[PDB]
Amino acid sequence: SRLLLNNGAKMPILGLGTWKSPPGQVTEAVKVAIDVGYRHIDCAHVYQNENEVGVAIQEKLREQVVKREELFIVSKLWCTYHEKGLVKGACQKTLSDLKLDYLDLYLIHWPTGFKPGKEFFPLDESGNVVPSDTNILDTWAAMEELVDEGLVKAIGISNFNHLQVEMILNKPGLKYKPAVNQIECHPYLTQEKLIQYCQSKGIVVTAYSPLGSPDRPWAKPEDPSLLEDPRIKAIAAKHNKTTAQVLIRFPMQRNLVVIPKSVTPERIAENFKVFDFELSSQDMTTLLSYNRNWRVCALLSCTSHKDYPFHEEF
């Protein structure tokens, strides 16, 4: 039900994702999620909906449905806020929108730093992303002081390859180890190597886009669909479960935290009924063989950035 982090905290294995959840639909989505039993919400400043998520969290807290210590709220530091003096400000903005006084986990969204400004993806006269000269080590030192100031209980990373995680772990004077590395993971991108590396170092892995993210704005009609994969449909039918329930249970049995996104009440409910069954070792090994190394989030606009994470094997 919950995984132990290196800071002593317990992180709920199942969480509700909020990327692409419209401002006018997410408040109700989070309210239903909390009613259904979700105790973990994944957020980010760049999703442009934290205020509305915060409205839901505030209502359930006032209603006595849950107490703050029961919830595990996660947010992420965007690329345009990597410089030393901007990290605290970004964290505080997220805290005010969510209407909380601390986050359970704060992640560096991407290892790539962009030029500070109002645009999430700053462009030059040529049209490409403008990089910041900041590095991963300096941004990490700024995240560490957020822990020292009481703004966040744990800090982590997202979309960091193994060498980038290595840099943080080998940093002179390292005070706090990354608690979590949130990466893309599903049957078409199994990440066996990165997952084995992180887990050996005591870093919890959170699998995002577990259903293949069928609502990504860059979707194409010829792209493979996990939910419609006949091979996965067969495993689901063998268990009297839906394909989504199988795709959510899959990472859980690999000791990964999973965060499926949904704004639909019946689906939020369906995605929760994943604790009452088990996939056999055969089902697990079969699902792992479906790997194609297909990424939903490849951050293609930053392929030339000095800290682009996907050039290395893992």
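Start at 1 and count along the sequence shown; that's the residue number.
Taking the mean C-alpha B-factor of each stretch as recorded, 117-125 and 157-165 are not equal, and the higher mean is that of 117-125.
Set 269-277 against 38-46 and average the Cα temperature factors; 269-277 ends up higher. When the C-alpha B-factors of 112, 75, 190, 240 are ranked from the entry, the top spot goes to 240. For the set 232, 147, 86, 141, the PDB entry assigns the largest Cα B-factor to 86. When the CA B factors of the chain's modelled residues are split into thirds, the value for residue 207 lands in the lowest one. Compared with the other modelled residues of the chain, the Cα B-factor recorded for residue 104 ranks in the lowest third. In the deposited entry, the Cα temperature factor of residue 299 sits in the middle third of values across the chain's modelled residues. For residue 64, the recorded CA temperature factor ranks within the highest third of the chain's modelled residues. Compared with the other modelled residues of the chain, the Cα B-factor recorded for residue 25 ranks in the highest third.
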